[PDB]
Amino acid sequence: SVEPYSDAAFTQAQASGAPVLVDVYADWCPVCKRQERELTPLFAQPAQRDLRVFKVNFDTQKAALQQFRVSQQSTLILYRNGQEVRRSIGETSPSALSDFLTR
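- Method of determination, as given in the entry header: X-ray crystallography; reported resolution: 1.9800 Å.

Regarding the sheet that holds strand β3 (residues 52-57)
In a beta sheet, neighbouring strands pair by backbone hydrogen bonds and run either parallel or antiparallel.
Reasoning step 1: Spatially, five strands are ordered β1-β3-β2-β4-β5 in an open sheet, and the strand pairing comes out mixed. Looking at the sheet topology across the chains shown, the edges are occupied by β1 (2-4) and β5 (83-89). Taken pair by pair, the neighbouring strands of this sheet meet at an average axis angle of 20°, ignoring direction.
Reasoning step 2: Summarising the sheet, strand β2 (residues 20-25) and strand β4 (residues 75-80) pair through five bridges and their orientation is antiparallel. Note on β4: the bridge partner recorded for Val20 is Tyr79.
Reasoning step 3: On the sheet, helix α2 (residues 30-43) packs against β1, β2, β3 and β4 and is oriented at approximately 155° with respect to β2.
Reasoning step 4: The strands that helix α4 (residues 94-102) touches are β2, β4 and β5; relative to β4, the one it contacts most, it runs at about 25°.

Criteria and cut-off values
Residues numbered from 1 in each chain as written, not as in the entry; some residues may be left out. Heavy atoms only, no water. Pairing = 2+ DSSP bridges. Helix = DSSP H or I, 4+ residues; strand = E, 2+ residues; numbered from the N terminus. Axes fitted to C-alpha atoms, helices over the stretch in contact; angles between N-to-C directions. Contact = heavy atoms within 4.5 Å.

See below:
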């Protein structure tokens, strides 16, 4: 699933046991645009079937940025079982983004 970040939906996703992707975007970022392109089909693939994606708007959700220790748009943070596994900034290789979600 893909949904806008909110406190309540994020906390419920983290308590669910499912993997969670925090995707920090900006409406005027060509990298972000580019990422979104390549991530959208990856989100629909069977290996991603349990992934809960939250889109954090860099411009409007500043409390979320502090929580996630995020200083740049195009940051991706992957959680499993409620704990951060890895993060990535600015990556636009389709194979690298696939592997970021999969490994």
